[PDB]
Amino acid sequence: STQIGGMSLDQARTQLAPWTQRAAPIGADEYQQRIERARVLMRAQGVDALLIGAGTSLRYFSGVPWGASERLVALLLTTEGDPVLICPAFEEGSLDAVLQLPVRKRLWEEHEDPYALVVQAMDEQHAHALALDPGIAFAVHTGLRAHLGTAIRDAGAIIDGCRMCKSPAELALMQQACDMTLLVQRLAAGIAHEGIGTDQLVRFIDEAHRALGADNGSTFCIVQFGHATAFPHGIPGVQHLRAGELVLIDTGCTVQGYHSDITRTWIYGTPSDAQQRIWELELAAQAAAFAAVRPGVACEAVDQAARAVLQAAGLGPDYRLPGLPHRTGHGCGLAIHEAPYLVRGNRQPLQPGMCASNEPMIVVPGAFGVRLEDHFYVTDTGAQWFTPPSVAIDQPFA
Amino acid sequence: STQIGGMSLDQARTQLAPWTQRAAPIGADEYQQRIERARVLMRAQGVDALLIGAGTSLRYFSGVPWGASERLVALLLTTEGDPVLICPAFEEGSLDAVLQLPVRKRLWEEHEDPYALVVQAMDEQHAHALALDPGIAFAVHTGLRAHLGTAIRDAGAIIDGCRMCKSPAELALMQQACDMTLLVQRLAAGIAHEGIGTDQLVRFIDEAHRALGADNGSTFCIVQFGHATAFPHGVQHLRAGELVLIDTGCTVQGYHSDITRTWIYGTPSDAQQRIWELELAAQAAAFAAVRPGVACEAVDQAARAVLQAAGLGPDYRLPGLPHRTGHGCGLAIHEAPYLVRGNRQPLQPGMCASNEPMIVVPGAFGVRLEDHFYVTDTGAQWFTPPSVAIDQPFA
Ligand SMILES: [Zn+2]
Ligand SMILES: [Zn+2]
Ligand SMILES: [Zn+2]
Ligand SMILES: [Zn+2]
């Protein structure tokens with residue numbers, strides 16, 4: 001009965017001191033190890049240059065945490081020497097302040113062509129086999145094509161083959177973000193009451209992540225009530241809570257860029273039989289997916305394990321509704337969604353240090369949905385939860 | 001400093017009722033005009049198929065406001081029939097709630113190849129000359145190339161040829177967002193006091209944008225005091241004698257405001273006054289240069305000629321203007337056309353851009369004044385009137 005409702009704003013505020021179990025930042029040597037692993041995968045693929053654009057992969061490789069813009073900010077890695085950092089001249093100051101890796105800077109004034117610098121740096125090292133970051137804007141392919149006549153490969157296999165398996169230091173940053181968001185989830189369930197707005201919960205979760213010391217409040221937040229829980233990614237519009245509705249809250253933060261991403265679905269007031277039944281089936285499907293995880297297991301096998309529970313209960317098969325209309329889970333790291341994907345058709349074997357969500361949501365069309373989301377990482381012999389799963393329809397927190 | 005300081009938090013709150021002059025949303029017919037306009041651009045350039053990714057361009061053509069993810073959500077426009085909307089099958093309900101244009105849905109299940117669906121819709125209409133959104137992830141080039149033997153061209157000319165010139169309805173939405181954000185700016189100036197935190201200003205700017213009825217509070221907020229104003233891409237507490245620089249904005253129906261004010265709290269030095277005045281003059285001269293037919297790069301040069309005649313610069317040297325003068329603005333904070341040296345693009349009626357020829361004095365301070373304008377048949381019109389003096393940030 002006790003986790004849902006009855007907590008005031010300022011009672012909740014009393015649990016929101018800055019978080020004091022702070023994981024260490026990624027250190028210099030770890031950035032060099034990332035570069036070295038990228039070089040190994042480059043040579044494996046027969047490529048001799050890699051271009052990484054601003055975003056999660058530039059951060060991974062260099063520390064630079066800036067979002068992509070219309071101006072090319074990029075790392076060009078070749079098989080030897082400090083990687084080249086292509087960046088607007090006016091930003092040099094700022095760049096030097098966030099860089100965690102020694103680089104050769106190649107700066108361009110506003111009217112200069114930054115893609116000519118990439119190719120000039122290629123030509124300097126006799127590199128003629130470029131792989132380009134699949135996350136980068138298409139525009140960069142156009143700019144490179146004005147100067148570069150050889151095939152441009154997709155760098156996805158190189159990037160994933162680095163980022164998929166998390167180091168201990170990555171796992172602890174993730175763990176920190178997750179503990180923080182779990183606390184936030186718990187307090188939002190506490191402050192809930194008849195008539196509370198979805199927007200009031202969203203603003204609260206944001207204030208709470210901030211108080212705790214997230215990099216930037218809530219990375220995202222989804223709050224849905226009642227029938228609106230039937231849409232995996234929700235519909236526009238504010239709702240107000242009523243007894244008898246499910247509440248689905250999916251939110252997360254970052255800590256040094258590393259993401260949490262947790263969904264809780266709980267009853268406010270008394271559940272129907274149908275709500276209970278679906279809610280227990282969801283917990284069961286999530287548990288079977290977790291139980292399937294260890295080294296060597298194909299990513300699709302984990303998704304299949306979830307569907308097997310649904311299907312033994314008369315749901316599915318496949319994506320059929322009522323059932324699980326989307327994949328079981330996604331990888332998580334510096335990006336909310338990254339490889340590997342726990343999806344039908346993905347033969348990728350799971351390996352120690354891989355991180356993914358386990359969120360086999362059930363949708364009952366016309367009625368509601370239940371999504372329980374906790375992330376795990378693969379160990380040497382099985383998996384570990386970052387956050388323990390829910391206990392019951394009215395006990396969202398183990 | 002009647003504009004700067006002296007206002008209580010609840011005095012400020014009395015001017016924060018919801019905005020009553022609400023611009024009309026973009027209606028169904030105007031989405032159809034954008035699709036036609038794209039079709040004609042396509043024909044002009046010899047392109048028969050156009051793929052637009054999730055993001056501001058999808059929003060422009062379809063009303064779908066979602067950010068891009070790892071899953072392909074896209075609009076494929078060909079020379080005839082309803083456009084095709086490629087989408088994950090499970091998000092169909094959520095898609096239907098935001099779509100503003102009639103489309104032929106082509107849904108894909110989690111394990112199916114959505115790039116296959118694009119090419120199949122191409123093959124059906126006999127379209128072989130595809131142009132791809134330059135803002136879409138390169139991954140999409142990869143998935144398309146897997147299925148295509150033919151050139152995949154860059155769609156920037158087509159997309160820009162539509163988006164750069166704003167309709168009356170788009171200008172009205174931008175206008176509302178600007179008017180709302182100007183008020184927020186002025187209230188933030190009013191509540192400023194010795195000791196106030198940059199974080200408290202940020203928080204208040206958000207609350208106000210929400211109270212006035214922005215889509216989602218502040219889109220972004222930069223607040224910098226004193227020496228920090230010299231580091232435009234760097235928590236502080238306000239002290240007498242410091243410049244305050246606040247750059248913020250909101251959206252109304254996804255249309256952006258983006259305004260920077262820089263003002264003195266207390267008594268300014270001669271150096272601060274002289275640079276402030278020069279910032280206003282540079283901004284004024286870039287504006288006086290705006291009219292149809294003028295190259296975007298001439299507007300940037302008009303600001304730099306002001307700075308050079310005063311002994312700053314030249315070019316991008318400091319003290320001076322180390323970056324372009326401004327950027328286009330619309331459904332994206334930054335979009336074409338850019339007011340930057342090398343850009344020959346002629347300005348035309350309806351185009352919207354910022355005018356922000358920030359001066360940096362290394363290691364001391366910076367002064368950015370940012371107001372946006374749109375191009376008219378004979379010149380330009382400010383979305384917001386420029387500042388008046390170092391201590392009079394609002395006209
Ligand atoms: Zn989630
Ligand atoms: Zn997730
Ligand atoms: Zn701005
Ligand atoms: Zn701007």
# chains A, B, ... in the order shown; residues from 1 in each chain; ligands from 1

$ residues_near_ligand --ligand "ligand 1" --cutoff "6 Å" --atoms "only C-alpha atoms and all ligand atoms" --output "list in words"
residues 250, 261, 262 and 263 of chain A

$ write_last_selection --atoms "N, CA and C atoms" --output "PDB file, in the first residue's frame"
ATOM      1  N   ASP A 250       8.495   6.969 -17.278  1.00  0.00           N
ATOM      2  CA  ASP A 250       9.757   6.508 -17.871  1.00  0.00           C
ATOM      3  C   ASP A 250      10.651   7.718 -17.903  1.00  0.00           C
ATOM      4  N   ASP A 261      17.605   5.118 -17.387  1.00  0.00           N
ATOM      5  CA  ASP A 261      16.472   4.910 -18.250  1.00  0.00           C
ATOM      6  C   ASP A 261      15.592   3.816 -17.588  1.00  0.00           C
ATOM      7  N   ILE A 262      14.639   4.243 -16.794  1.00  0.00           N
ATOM      8  CA  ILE A 262      13.898   3.356 -15.935  1.00  0.00           C
ATOM      9  C   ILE A 262      12.411   3.645 -16.106  1.00  0.00           C
ATOM     10  N   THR A 263      11.598   2.580 -16.254  1.00  0.00           N
ATOM     11  CA  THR A 263      10.168   2.767 -16.297  1.00  0.00           C
ATOM     12  C   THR A 263       9.607   1.965 -15.122  1.00  0.00           C
TER      13      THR A 263
END

$ interface_residues --of "chain B" --to "chain A" --cutoff "9 Å" --atoms "only C-alpha atoms" --output "VMD selection string"
chain B and resid 69 to 70 88 to 91 93 to 95 97 to 98 109 to 112 132 to 142 153 to 154 156 231 to 234 316 322 to 324 334 to 335 340 to 343

$ residues_near_ligand --ligand "ligand 2" --cutoff "12 Å" --atoms "only C-alpha atoms and all ligand atoms" --output "PyMOL selection string"
chain A and resi 220-222+232-233+249-252+259-264+326-333+335-338+341-342+355-361+371-376

$ write_last_selection --atoms "N, CA and C atoms" --output "short mmCIF file (atom, residue, chain, number, x, y, z; two decimals), in the first residue's frame"
data_model
loop_
_atom_site.label_atom_id
_atom_site.label_comp_id
_atom_site.auth_asym_id
_atom_site.auth_seq_id
_atom_site.Cartn_x
_atom_site.Cartn_y
_atom_site.Cartn_z
N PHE A 220 14.99 12.93 -20.19
CA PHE A 220 13.65 12.87 -20.86
C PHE A 220 12.68 12.51 -19.71
N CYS A 221 11.38 12.71 -19.93
CA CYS A 221 10.46 12.14 -18.97
C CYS A 221 9.18 11.87 -19.61
N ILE A 222 8.62 10.67 -19.45
CA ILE A 222 7.27 10.35 -19.95
C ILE A 222 6.37 9.93 -18.78
N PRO A 232 3.06 3.00 -26.42
CA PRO A 232 4.43 2.84 -25.87
C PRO A 232 5.22 4.16 -25.69
N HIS A 233 5.11 4.99 -26.73
CA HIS A 233 5.62 6.37 -26.58
C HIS A 233 4.66 7.53 -26.41
N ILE A 249 5.69 5.84 -15.72
CA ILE A 249 6.68 6.93 -15.69
C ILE A 249 7.97 6.38 -16.20
N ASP A 250 8.49 6.97 -17.28
CA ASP A 250 9.76 6.51 -17.87
C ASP A 250 10.65 7.72 -17.90
N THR A 251 11.79 7.66 -17.21
CA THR A 251 12.64 8.83 -17.08
C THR A 251 14.07 8.40 -16.81
N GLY A 252 14.97 9.37 -16.87
CA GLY A 252 16.37 9.09 -16.64
C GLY A 252 17.17 10.40 -16.64
N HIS A 259 23.95 7.16 -19.13
CA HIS A 259 22.49 7.25 -18.95
C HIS A 259 21.90 6.23 -18.03
N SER A 260 20.97 6.73 -17.23
CA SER A 260 19.83 5.91 -16.77
C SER A 260 18.53 6.05 -17.65
N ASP A 261 17.60 5.12 -17.39
CA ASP A 261 16.47 4.91 -18.25
C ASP A 261 15.59 3.82 -17.59
N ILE A 262 14.64 4.24 -16.79
CA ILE A 262 13.90 3.36 -15.93
C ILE A 262 12.41 3.64 -16.11
N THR A 263 11.60 2.58 -16.25
CA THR A 263 10.17 2.77 -16.30
C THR A 263 9.61 1.97 -15.12
N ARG A 264 8.71 2.63 -14.46
CA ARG A 264 7.74 2.04 -13.51
C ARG A 264 6.25 2.24 -13.93
N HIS A 326 6.91 -4.30 -29.62
CA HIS A 326 8.25 -3.81 -29.93
C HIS A 326 9.27 -4.76 -29.34
N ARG A 327 10.54 -4.45 -29.47
CA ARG A 327 11.62 -5.31 -29.08
C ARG A 327 11.64 -5.40 -27.57
N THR A 328 12.40 -6.38 -27.05
CA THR A 328 12.52 -6.46 -25.59
C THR A 328 13.38 -5.38 -24.91
N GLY A 329 14.39 -4.88 -25.61
CA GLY A 329 15.31 -3.96 -25.01
C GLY A 329 16.37 -3.46 -25.97
N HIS A 330 17.10 -2.43 -25.48
CA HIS A 330 18.13 -1.75 -26.24
C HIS A 330 19.38 -1.61 -25.37
N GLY A 331 20.51 -1.55 -26.01
CA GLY A 331 21.70 -1.12 -25.35
C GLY A 331 21.63 0.30 -24.87
N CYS A 332 22.48 0.59 -23.88
CA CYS A 332 22.51 1.88 -23.22
C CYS A 332 23.92 2.20 -22.82
N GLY A 333 24.28 3.48 -22.90
CA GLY A 333 25.59 3.91 -22.49
C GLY A 333 25.72 5.43 -22.40
N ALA A 335 24.67 6.93 -24.95
CA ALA A 335 23.38 7.23 -25.65
C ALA A 335 22.29 6.42 -24.97
N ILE A 336 21.08 6.98 -24.98
CA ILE A 336 19.99 6.29 -24.44
C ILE A 336 19.80 4.98 -25.14
N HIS A 337 19.86 4.99 -26.48
CA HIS A 337 19.71 3.77 -27.25
C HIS A 337 20.98 3.53 -28.06
N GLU A 338 21.60 2.38 -27.90
CA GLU A 338 22.77 2.00 -28.64
C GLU A 338 22.82 0.49 -28.71
N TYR A 341 20.96 -4.48 -29.59
CA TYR A 341 19.48 -4.44 -29.50
C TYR A 341 18.94 -5.86 -29.25
N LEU A 342 18.06 -5.95 -28.28
CA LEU A 342 17.43 -7.26 -27.90
C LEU A 342 16.19 -7.43 -28.71
N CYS A 355 25.65 -3.60 -21.84
CA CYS A 355 24.55 -3.02 -21.02
C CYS A 355 23.27 -2.92 -21.91
N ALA A 356 22.12 -3.37 -21.40
CA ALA A 356 20.85 -3.22 -22.14
C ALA A 356 19.65 -3.05 -21.21
N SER A 357 18.54 -2.50 -21.72
CA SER A 357 17.33 -2.42 -21.03
C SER A 357 16.62 -3.78 -21.15
N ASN A 358 15.72 -4.00 -20.22
CA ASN A 358 14.84 -5.16 -20.22
C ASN A 358 13.39 -4.64 -19.88
N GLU A 359 12.60 -4.46 -20.93
CA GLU A 359 11.38 -3.63 -20.91
C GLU A 359 10.35 -4.22 -21.90
N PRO A 360 9.96 -5.49 -21.68
CA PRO A 360 9.06 -6.16 -22.57
C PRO A 360 7.53 -5.77 -22.43
N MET A 361 7.27 -4.52 -22.68
CA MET A 361 5.93 -3.88 -22.40
C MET A 361 4.79 -4.69 -23.06
N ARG A 371 4.58 -1.31 -18.71
CA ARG A 371 5.99 -1.42 -19.05
C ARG A 371 6.77 -1.36 -17.72
N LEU A 372 7.59 -2.36 -17.56
CA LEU A 372 8.56 -2.40 -16.46
C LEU A 372 9.91 -2.42 -17.16
N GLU A 373 10.72 -1.43 -16.79
CA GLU A 373 12.05 -1.25 -17.37
C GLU A 373 13.13 -1.06 -16.33
N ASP A 374 14.08 -2.00 -16.38
CA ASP A 374 15.31 -1.96 -15.56
C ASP A 374 16.43 -2.39 -16.53
N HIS A 375 17.60 -1.87 -16.35
CA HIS A 375 18.74 -2.24 -17.21
C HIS A 375 19.60 -3.23 -16.45
N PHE A 376 20.37 -3.96 -17.23
CA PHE A 376 21.32 -4.95 -16.68
C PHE A 376 22.61 -4.81 -17.38
#

$ residues_around --residues "residue A:185" --least-positions-apart "3" --cutoff "8 Å" --atoms "only C-alpha atoms" --output "PDB file with C-alpha atoms, in the first residue's frame"
ATOM      1  CA  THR A 181      16.708   8.040 -11.037  1.00  0.00           C
ATOM      2  CA  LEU A 182      15.407   5.108  -8.962  1.00  0.00           C
ATOM      3  CA  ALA A 188       7.313  10.689  -7.610  1.00  0.00           C
ATOM      4  CA  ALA A 189       5.188   7.614  -6.696  1.00  0.00           C
ATOM      5  CA  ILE A 205      11.127  14.632 -11.583  1.00  0.00           C
ATOM      6  CA  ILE A 249       6.679   6.929 -15.690  1.00  0.00           C
ATOM      7  CA  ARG A 264       7.740   2.039 -13.509  1.00  0.00           C
TER       8      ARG A 264
END

$ residues_around --residues "stretch 177-186 of chain B" --least-positions-apart "3" --cutoff "6 Å" --atoms "only C-alpha atoms" --output "ChimeraX atom specification"
/B:174,189,249,251-252,257

$ residues_near_ligand --ligand "ligand 4" --cutoff "7 Å" --atoms "only C-alpha atoms and all ligand atoms" --output "PyMOL selection string"
chain B and resi 258-259+326-327+333+354+356+370

$ decode --residues "stretch 102-146 of chain B" --atoms "N, CA and C atoms" --output "compact mmCIF listing (two decimals), in the first residue's frame"
# COMPACT_ATOMS: atom_id res chain seq x y z
N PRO B 102 -2.09 14.18 -44.76
CA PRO B 102 -2.49 12.88 -45.11
C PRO B 102 -1.30 12.22 -45.80
N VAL B 103 -1.05 10.96 -45.42
CA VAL B 103 0.08 10.20 -45.88
C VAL B 103 -0.35 8.77 -46.07
N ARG B 104 0.38 8.04 -46.88
CA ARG B 104 0.28 6.61 -47.00
C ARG B 104 1.29 6.00 -45.99
N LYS B 105 0.80 5.40 -44.90
CA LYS B 105 1.70 4.81 -43.92
C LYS B 105 2.33 3.54 -44.47
N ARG B 106 3.62 3.33 -44.23
CA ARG B 106 4.25 2.09 -44.50
C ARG B 106 4.97 1.70 -43.22
N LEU B 107 4.44 0.69 -42.56
CA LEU B 107 4.84 0.38 -41.21
C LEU B 107 5.79 -0.77 -41.26
N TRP B 108 6.77 -0.76 -40.37
CA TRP B 108 7.69 -1.89 -40.31
C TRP B 108 7.81 -2.42 -38.89
N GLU B 109 7.86 -3.74 -38.79
CA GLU B 109 8.07 -4.44 -37.54
C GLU B 109 9.53 -4.44 -37.21
N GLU B 110 9.84 -4.72 -35.96
CA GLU B 110 11.15 -4.45 -35.35
C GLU B 110 12.35 -5.11 -36.08
N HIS B 111 12.11 -6.30 -36.66
CA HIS B 111 13.15 -7.09 -37.30
C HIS B 111 13.18 -6.85 -38.78
N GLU B 112 12.25 -6.08 -39.35
CA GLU B 112 12.16 -5.84 -40.81
C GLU B 112 13.06 -4.63 -41.15
N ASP B 113 13.37 -4.51 -42.42
CA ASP B 113 14.38 -3.56 -42.90
C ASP B 113 13.53 -2.34 -43.41
N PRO B 114 13.54 -1.25 -42.68
CA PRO B 114 12.75 -0.11 -43.22
C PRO B 114 13.27 0.53 -44.49
N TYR B 115 14.56 0.39 -44.75
CA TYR B 115 15.14 0.95 -45.99
C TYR B 115 14.56 0.22 -47.22
N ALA B 116 14.31 -1.09 -47.07
CA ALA B 116 13.55 -1.82 -48.04
C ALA B 116 12.21 -1.20 -48.40
N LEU B 117 11.47 -0.67 -47.44
CA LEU B 117 10.21 -0.06 -47.68
C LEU B 117 10.38 1.22 -48.44
N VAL B 118 11.42 2.02 -48.12
CA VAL B 118 11.65 3.20 -48.91
C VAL B 118 11.83 2.89 -50.40
N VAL B 119 12.67 1.91 -50.68
CA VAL B 119 13.03 1.56 -52.04
C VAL B 119 11.88 0.92 -52.79
N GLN B 120 11.15 0.06 -52.10
CA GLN B 120 9.90 -0.42 -52.63
C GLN B 120 8.92 0.65 -52.96
N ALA B 121 8.75 1.69 -52.12
CA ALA B 121 7.85 2.80 -52.52
C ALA B 121 8.43 3.59 -53.72
N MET B 122 9.75 3.80 -53.73
CA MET B 122 10.41 4.32 -54.94
C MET B 122 10.11 3.48 -56.20
N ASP B 123 10.39 2.16 -56.14
CA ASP B 123 10.19 1.22 -57.28
C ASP B 123 8.71 1.31 -57.85
N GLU B 124 7.72 1.37 -56.97
CA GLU B 124 6.33 1.54 -57.32
C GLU B 124 6.04 2.77 -58.09
N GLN B 125 6.71 3.88 -57.79
CA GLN B 125 6.40 5.11 -58.54
C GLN B 125 7.41 5.34 -59.65
N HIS B 126 8.24 4.34 -59.93
CA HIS B 126 9.34 4.44 -60.92
C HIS B 126 10.29 5.54 -60.64
N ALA B 127 10.61 5.78 -59.38
CA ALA B 127 11.50 6.88 -58.98
C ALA B 127 12.89 6.29 -58.72
N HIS B 128 13.91 6.87 -59.28
CA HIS B 128 15.28 6.32 -59.27
C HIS B 128 16.28 7.46 -58.87
N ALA B 129 15.83 8.71 -58.74
CA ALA B 129 16.74 9.84 -58.48
C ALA B 129 16.39 10.38 -57.11
N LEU B 130 16.95 9.78 -56.10
CA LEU B 130 16.59 10.11 -54.72
C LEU B 130 17.45 11.30 -54.20
N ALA B 131 16.81 12.19 -53.42
CA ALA B 131 17.58 13.19 -52.63
C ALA B 131 17.32 12.95 -51.16
N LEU B 132 18.38 12.93 -50.37
CA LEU B 132 18.30 12.59 -48.96
C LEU B 132 18.56 13.81 -48.07
N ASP B 133 17.72 13.93 -47.08
CA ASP B 133 17.85 15.00 -46.08
C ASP B 133 19.27 15.07 -45.54
N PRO B 134 19.96 16.26 -45.67
CA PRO B 134 21.34 16.34 -45.15
C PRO B 134 21.42 16.39 -43.65
N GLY B 135 20.31 16.64 -42.95
CA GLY B 135 20.36 16.50 -41.53
C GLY B 135 20.18 15.12 -40.96
N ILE B 136 19.88 14.08 -41.78
CA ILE B 136 19.56 12.76 -41.29
C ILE B 136 20.88 12.03 -40.99
N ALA B 137 20.84 11.08 -40.09
CA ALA B 137 22.06 10.37 -39.74
C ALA B 137 22.63 9.63 -40.99
N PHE B 138 23.97 9.56 -41.10
CA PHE B 138 24.65 8.89 -42.18
C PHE B 138 24.24 7.41 -42.28
N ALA B 139 23.85 6.85 -41.18
CA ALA B 139 23.30 5.48 -41.13
C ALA B 139 22.21 5.29 -42.16
N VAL B 140 21.42 6.31 -42.39
CA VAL B 140 20.35 6.18 -43.38
C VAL B 140 20.90 6.03 -44.82
N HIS B 141 21.96 6.80 -45.16
CA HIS B 141 22.75 6.59 -46.39
C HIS B 141 23.18 5.10 -46.47
N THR B 142 23.70 4.58 -45.34
CA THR B 142 24.13 3.21 -45.33
C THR B 142 22.99 2.22 -45.66
N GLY B 143 21.83 2.40 -45.04
CA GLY B 143 20.73 1.46 -45.26
C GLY B 143 20.11 1.63 -46.63
N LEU B 144 20.05 2.88 -47.14
CA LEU B 144 19.60 3.05 -48.48
C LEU B 144 20.55 2.47 -49.60
N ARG B 145 21.83 2.79 -49.46
CA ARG B 145 22.87 2.33 -50.40
C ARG B 145 22.84 0.82 -50.46
N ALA B 146 22.57 0.13 -49.32
CA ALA B 146 22.42 -1.34 -49.34
C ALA B 146 21.44 -1.86 -50.43
